[PDB]
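Undergrad: Questions regarding the structure given below will be posed in turn.
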Ligand SMILES: CCCCCCSC[C@H](NC(=O)CC[C@H](N)C(=O)O)C(=O)NCC(=O)O
Ligand SMILES: CCCCCCSC[C@H](NC(=O)CC[C@H](N)C(=O)O)C(=O)NCC(=O)O
């Protein structure tokens, strides 16, 4: 601590981490990089991998958003309670990553044309999480075990951006809905999701949503 | 333990955990799934994300390559020695994933037309790892401190498939070429990189490399 997030002013790949932090009583600083600024060359060359986010936890400066989330699960204890659960929250976040990366392909490289087949192909892609909840206590808790993890935060968001893509896709998936409902009902998250801070910050930055 | 790897007759995405368990003196049963068995549908409906590798470590069946790699790191002590070392081995294995994702899209989507353009972007893609290496003992040891990590194996698999695709790439990356020269040497691994079950396997299946 203190936490400092540097990203472009989109919800993007840091919505999961922002939701984590605010739910887990933590504060953070936002340092915004606009596209004009990014274009002025320096910071992209400072960034290890040319991209964003950049997290600063104290003296540690992290990159790759999944790394950032794993790191806050080790540190804050959002990573299972044993090594089986740990393996499974890995299994599940890499599930959300694979889909998230496909979403990104639509939103930036084929939205208008591809959006079509995307919401058709979606049920088979959201299928595994529906399975996962039924095995984990019949979905009345969390995707891995019975304590929130950093994987509950990255799945809940992937779910939320898709309910915006398709107002209603989660209805085919009744346990997936029960989950989002329950998790947006956790107070610190609820207060966050309803904030100016969250609401007027675009999901993808290019207009598509 | 014991370890069972369930995959197609190709190195591909099990190459790195096979290098890991071989270098660390472990042994595993390879369960070989032919395209004929994948085609006859029963295995797919068992795998949680419809795909393979599938890995059994005793009572755990785990899906997804980097989750297995991350598991063996947690279990066989190969995820660095302290909190900073772990977020950095994850930050490196992530950086690696991003470039493996682009290599499999080159290989199973459009090799022929996409290659020249791929090999054009490669120096800019390998350059982060040279850097990481220079930051630590001038790249005299490993990619994250004193001792080997899962992220060291997986990165080594990427540069070996990349030297088959673009022979001459690593020659400008001397630390990175020496890194391969020194981790290939460690004779438990070196015995494996000349075994039948490694030399007699296709990199990619599709016939491209
Ligand atoms: C203005 C709106 C842009 C919307 C996308 C913002 S994120 C774009 C990109 N970053 C990434 O790709 C982040 C991915 C990285 N692997 C991670 O997991 O953290 C990135 O920083 N790209 C900039 C670049 O490569 O030049
Ligand atoms: C049958 C074609 C010849 C074999 C080529 C190698 S197949 C490897 C491929 N696996 C993946 O894409 C799994 C990816 C998963 N994210 C992981 O962490 O590893 C995969 O399983 N896909 C095959 C499929 O979906 O049928």
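One-based numbering along the chain as shown.
This deposition comes from X-ray crystallography, 2.8 Å.
Yeah, the Cβs are placed from backbone N, Cα and C, and that goes for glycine too.
Pulled from Swiss-Prot, these are the listed features:
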DOMAIN    A:1-80  domain 'GST N-terminal'
MOD_RES   A:3  phosphotyrosine
BINDING   A:7, A:13, A:38, A:44, A:51, A:52, A:64, A:65  glutathione binding site
MOD_RES   A:61  phosphothreonine
DOMAIN    A:82-203  domain 'GST C-terminal'
MOD_RES   A:102  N6-succinyllysine
MOD_RES   A:115  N6-succinyllysine
MOD_RES   A:127  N6-acetyllysine
MOD_RES   A:198  phosphotyrosine
Undergrad: On the three-state reduction of DSSP, what should I expect for residue A:13 (glutathione binding site)?
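TA: Its secondary structure by DSSP: helix.
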Undergrad: Among the recorded positions A:7, A:13, A:61, A:64, A:115, state which ones have a Cβ less than 8 Å from a Cβ of chain B, giving them in sequence order; state 'none' otherwise.
TA: A:64
Undergrad: If we check Cα distances from residue A:7 (glutathione binding site), which of the modified residues A:102, A:115, A:127, A:198 wins as closest?
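TA: Nearest listed residue in space: A:198.
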Undergrad: Quick one: give me the count of other CB atoms within 10 A of the CB of residue A:115 (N6-succinyllysine).
TA: 15
Undergrad: List every residue in the same chain as residue A:65 (glutathione binding site), at least 6 positions away in sequence, whose Cβ is under 8 Å from its Cβ.
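TA: In sequence order, the residues whose Cβ lies under 8 Å from that of residue A:65 (glutathione binding site) (at least 6 apart) are A:13, A:14, A:16, A:17, A:53.
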Undergrad: Can you tell me how far the Cα of residue A:38 (glutathione binding site) sits from the Cα of the residue listed as 'phosphothreonine', in Å?
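TA: Just about 18 Å between their Cα atoms.
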Undergrad: Among A:13, A:52, A:61, A:64, A:115, A:198, which recorded positions lie by ligand 1, judged by Cβ under 6 Å to any atom?
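TA: So the answer is A:13, A:52, A:64.
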Undergrad: Which three-state DSSP class does residue A:3 (phosphotyrosine) fall into?
TA: coil
Undergrad: Nearest to residue A:64 (glutathione binding site) by Cα distance: which of the modified residues A:3, A:115, A:127, A:198 is it?
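TA: So, spelling it out, the nearest of the modified residues is A:3.
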